[PDB]
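Reviewing the structure listed below.
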């Protein structure tokens, strides 16, 4: 049952990450990308989170840094470790902002 | 071995040689970019001649110049974000390539 | 895989040599012998590099050294490490120039 | 032709061997300098003549003279710190060259 | 693979791990010596905390402290004759170990 | 054998003797060129008479004269471009021929 306990630990970790991302995105980007309206438009939870992350990058991380770390100007398909780097860069930019 | 096999082998060999040629051009461009960045933004102590005299491989010279450029231009929080850590002691590689693209971005915005 | 690693090392070495040759030839000879226009005219990369080297010899290395060290006045067919000697002499000439 | 340039490479390697002959000559000069150090700072019993009579190789004579000079001039604290060990009996080599350099410095400052 | 081969492989593995452990302990003691020398003989501005904040590797901190200690204690003639040059900026290594040993005994004789 | 075997043998023997004669003429021209160069550009102490009295082979005389001519005319900026090191004390052959050709060019442009 400790396997399920650790699974629940990881669930709590990603839930906290999602909550933090949503809380900062609501105050930073817009309310058009709210979880409720995105779900109504028909996007899965992970798709909503990654779209919010990409918007956070496009807002805080300027397009030059975007293409610098993402190695491609379009964040449409860079998702993964590069996307995590970019969202941490967005966190850094808002920290220094 | 029929004619279709002969032609496809010949074209595959030609395309492989052309791809190797493109790789040579890309590596030449990388060398030019590293030399220009080292001459423009980094100190004379990190020159290729003195590093080779100290006994470092060419790739080691490239990654050392890249790391210095990242530390000079890329702020430490940006490093903690992209590299996911502060220390660039062993971060050399494609993450370092992203970080040096960031360094060139920083010099473009700094000019 | 270390065989392919050393092959890539040799690729890097020749790429660096091509870089040095190009960075001096563009500023020394002309824009007519640019890599793009030569490729459009239809010359392979090795042919382009050897033609540029021969032009470098014809610009810096004097004809007496061409007909004495390389034994032929025409650099059209002398290619090899004799061409290496000629381009080294051209490097010395441009260094002293 | 290809033969001309390959023979050029051959004689360039001969030229490198000539440089090896020069560095051999330089090593011989270092040998005579160590001999002068041994005469100036060590007992007559450690002379090359008596050591050869006892039957020791020339390199053995040089390393014995170097070890004695290090023990005489370089204090044991530096000796221990440098060799990472107190004993010099198995420290012949580049570390020994560094130690005899330190001994030369010690006699220079002593004078 | 016979019994003797098994025993020799096991013994070699054990000895290798023991040597690695000894190397770790030696690095520990080296970190000690750098820390104590920096605290006792060098200014607060060269502390590991502030140097790491400025963004220097641990090895860079160690060699910088060593070079500063050598300049502070070891005289310039001694430097010029040990390292064969006045500048210590490119003498990190075994010769740096020699200069820092000379400083270590210099402070002992100063006391 | 049919007569065609000698139609090639008879001609081969004559051609071999003709090539040997041409080689003898080439050697004579080489000796004449060495004599002229030694008389014109090198000191009297390097004359064939005094060198033979000191007991050196004719080929040794030729290579010594060539080496002295190379050192006198060809500067190090080409000696290290062809032989790759400055001195040619033990170096002679194809690089020596290239260097004496370069020295002939050098004296021609000097005049």
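Throughout, read-outs are computed from the coordinates displayed, never taken from laboratory work. When we count neighbours, we look across all protein chains shown, and the Cβ atoms used for this are built from the backbone with ideal geometry, even at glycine.
As a ratio to 2.2 N^0.38 Å, the alpha-carbon radius of gyration for the stretch D:19-61 is 1.32. By the count of neighbouring beta-carbon atoms within 10 Å, fewest first, B:43, C:88 end up ordered B:43, C:88. When each of A:74, F:35 is scored by the number of other beta-carbon atoms lying within 10 Å, the sequence from fewest to most is A:74, F:35.
Shown for F:87, D:87: other C-beta atoms within 10 Å of each C-beta, ranked fewest to most, produce the order D:87, F:87. Here r is the Cβ-Cβ distance between residue A:12 and residue B:90 and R0 is 30 Å; the resulting FRET efficiency, rounded to 0.05, is 0.45. Based on the Kirkwood approach, the hydrodynamic radius assigned to chain B is 16.2 Å, with every pair of different Cα atoms included. GNM on chain C, alpha-carbon springs under 10 angstrom: the most fluctuating residue among C:83, C:38, C:12 is C:12. Given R0 = 22 Å, the distance between the Cβ atoms of residue D:58 and residue D:23 translates into a calculated FRET efficiency of 0.80. For the protein assembly as shown, a Kirkwood radius taken over Cα pairs fed into Stokes-Einstein (10 °C, viscosity 1.306 mPa s) yields D = 48 µm²/s.
Simple spin-label estimate for residue D:49 and residue D:80 gives 4.0 nm between the two label positions (7 Å along the Cα-to-Cβ direction from each Cα).
GNM on chain C, alpha-carbon springs under 10 angstrom: the most fluctuating residue among C:15, C:70, C:25 is C:15.
So what's chain A giving for Cα Rg divided by 2.2 N^0.38 Å, two decimals? The partial results should precede the final answer.
Working: Rg = 14.5 Å, N = 97, 2.2 N^0.38 = 12.5 Å.
Normalised Cα radius of gyration, chain A: 1.16.
Considering only E:91, E:20, E:61, the Gaussian network model of chain E with Cα springs below 10 Å gives its largest mean-square fluctuation to E:20.
Mind checking the alpha-carbon convex hull of the stretch A:43-97 and giving the volume per residue in Å³? Each step should come with its number before you reach the end.
Working: hull volume 3.8 nm³, N = 55.
Normalising the Cα hull of the stretch A:43-97 by residue number yields 69 Å³.
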